Structures are given as structure tokens and as C-alpha cells.
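Residue numbers (UniProt numbering), protein chains in the order written: chain A, 119 to 124; chain B, 119 to 124; chain C, 119 to 124; chain D, 119 to 124; chain E, 119 to 124; chain F, 119 to 124; chain G, 119 to 124; chain H, 119 to 124. C-beta atoms are modelled at their ideal positions from N, C-alpha and C, and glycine is treated no differently. Read through the structure below, which is laid out as C-alpha cells, and then see the notes.
Number of protein chains: 8
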Amino acid sequence: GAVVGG
Amino acid sequence: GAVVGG
Amino acid sequence: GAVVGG
Amino acid sequence: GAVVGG
Amino acid sequence: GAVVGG
Amino acid sequence: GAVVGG
Amino acid sequence: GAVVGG
Amino acid sequence: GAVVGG
């Protein structure tokens, strides 16, 4: 799974 | 900003 | 998975 | 800015 | 996976 | 700026 | 994977 | 600027 922060 | 760890 | 921060 | 670790 | 920060 | 580690 | 910062 | 490590 991708790990994404915005 | 979000703080995200995976 | 990609790891991406914006 | 987001702080992201994977 | 790519690791990308912007 | 984002801070990102993978 | 590429590692990219902007 | 982003700070990015892969």
C-alpha cells in the first residue's frame, strides 16, 4: 500500500 | 500538514 | 507502494 | 508541509 | 515504489 | 516543504 | 523507484 | 524545499 500525506 | 506513518 | 508527501 | 514515512 | 516530496 | 522518507 | 523532491 | 530520502 502507498503511504500518502497532504 | 498531515503526519503519516506506514 | 509509493511514499508521497505534499 | 506533510511529514510522511513509509 | 517512488518516494516523492513536494 | 514536505519531509518524506521511504 | 525514483526519489524526487521539489 | 522538500526534504526527501529513499
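Just confirm the distance between the C-beta atoms of residue i and residue j, as a whole number of angstroms; I'd bet it's less than 8 Å.
{"i": "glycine 124 (chain D)", "j": "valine 121 (chain F)", "result": "With 8 Å as the limit, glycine 124 (chain D) and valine 121 (chain F) do not qualify as a contact, their Cβ atoms being about 12 Å apart."}
What does DSSP give as the partner residue(s) for residue i in the beta ladder?
{"i": "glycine 123 (chain E)", "result": "C:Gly123 and G:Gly123"}
For chain K, check one thing: does any of its Cβ atoms lie closer than 8 Å to the Cβ of residue i?
{"i": "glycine 119 (chain E)", "result": "Any reference to chain K falls outside this structure, whose protein chains are A, B, C, D, E, F, G and H."}
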